[PDB]
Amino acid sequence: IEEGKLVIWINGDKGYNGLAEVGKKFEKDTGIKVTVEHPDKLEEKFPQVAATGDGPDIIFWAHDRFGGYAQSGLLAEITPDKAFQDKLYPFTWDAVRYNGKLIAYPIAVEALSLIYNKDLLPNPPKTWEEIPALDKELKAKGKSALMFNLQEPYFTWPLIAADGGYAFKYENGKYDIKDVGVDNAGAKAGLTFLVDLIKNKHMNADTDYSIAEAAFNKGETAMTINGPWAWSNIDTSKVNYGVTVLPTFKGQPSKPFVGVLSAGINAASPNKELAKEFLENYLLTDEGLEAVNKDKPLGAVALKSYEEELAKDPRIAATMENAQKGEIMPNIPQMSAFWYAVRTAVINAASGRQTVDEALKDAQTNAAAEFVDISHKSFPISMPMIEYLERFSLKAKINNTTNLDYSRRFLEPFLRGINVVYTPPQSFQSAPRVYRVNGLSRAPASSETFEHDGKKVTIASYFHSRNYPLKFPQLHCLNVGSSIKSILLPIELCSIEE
């Protein structure tokens, strides 16, 4: 359902106005209109819509999400040749490599750094431990020492990880999804320190990206923790800021998860060729990145040529300095589970509604959860009524010959009371419904007859006429009506719970 043009989705904190300038340059050369949008929770919506075969042509996000997207077969395999692949840093390509295939074009490396107000904190803390005292000082002047987004775990992880916490252990080549370190000792310490700052009114548990960005830019707080994209607004606010290494905890460096802004091609986009033309020959160029970067900094771009010149910028330098101390995020499907599990954890712990231990316990459990067998798009868990009967009653597989008369005896008591979800063929343009099952029909669908507009027709017959030949015409149907006032449903179109 995607047109013959280009639609791009990138996160709002990014430079979409810049990316769009590039789009205009593209249209002026090809006539192809490029539209850029920045939907809320896009990393969340893309998967949903793209599953339907909808969504944008290009999707921009940190590489960590694409693995799951690729897994859900929502991304197209990009095809850059060696000539192009050599224009970017190999470690960037690694980030976008999933199952040996390249699933997106690397744009830039991102990493949270400590941003501070020089006019207030000319000499910024070197450790988290000294922050409390620092707050006292500033509080006396009607200010606070630190403020950063506490709603997103991304910003809190650096501290949690500093002294030992981690997502999934990287063992001889890959990630062991059984080994999760968010419940370990190191992680608790970190999370605890945080919780204490909140506890001792040195920070607000409900502080979010917005609250914090606005406070720092108004010069009400001495420090904040953010990424490159954030500098623009600070420039605008005329605040005299500095960007440096994140403080240490228990002498350890804060390990921020490093991200690679990447752009993937919608598996369903019909404009894949255009997509790559725009990405390879427009965005991923010095003039291209320059335009986006000028709206909102990308940080350390992936294009060797452009990164090479912007490298002199100490802000990027500190970015990379922090990157050094942290580690690139895995791109495995388990990541969203991880993030989701940690989000709630930090939050609640921080709110006091849960203890660090309680929180990280669940966190551990959830981040370690296993993927409930796919194709079970339901909850409570559903199961085809055919499978149901086979596994719990007939104790045998059903097929185009099965005769349920032989089983009436026990089947009937087994179906009495049963609530089922009848869902008609899509072509019927109708909707799923719940029905209570009173019992088995008297006869097979191919024998069970009814009349309308003065004509006698069998259920099987009817279905065939509506282009939905029943898989098992010889099976008795489920009676959802009653004795003579029956409503017969073919078992193959029904399912249950548990």
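A residue's number is simply how far along the shown sequence it sits, counting from 1.
**Q.** Stretch with the higher entry mean CA B-factor, where the candidates are 408-416 and 319-327
**A.** 408-416 has the higher mean C-alpha B-factor.
Q | Mean temperature factor over C-alpha atoms, higher-scoring stretch between 263-271 and 245-253 | A | The stretch with the larger mean CA B-factor is 263-271.
Q: Check the PDB entry and point out which of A445, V434, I58, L440 has the largest C-alpha temperature factor.
A: Most elevated C-alpha B-factor of the set, per the entry: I58.
Q. So among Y166, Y306, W93, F392, who wins on Cα B-factor in the entry?
A. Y306 has the highest C-alpha B-factor of those listed.
(Q) Considering every modelled residue of the chain and its Cα B-factor in the PDB entry, is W128 in the lowest, middle or highest third? (A) Middle third, going by the recorded CA B-factors of the chain.
Q. Based on the entry's values, in what third of the chain does the Cα temperature factor of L6 lie: lowest, middle or highest?
A. Top third by C-alpha B-factor.
Q | Lowest, middle or highest third - CA B-factor, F450 | A | Its C-alpha B-factor, which the entry lists for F450, ranks in the middle third among residues of this chain.
**Q.** Ranked C-alpha temperature factor of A161 among modelled chain residues, by third
**A.** Its C-alpha B-factor, which the entry lists for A161, ranks in the highest third among residues of this chain.
Q. By its CA B factor, does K178 count among the lowest, middle or highest third of the modelled residues in the chain?
A. According to the entry, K178 has a C-alpha B-factor in the chain's middle third.
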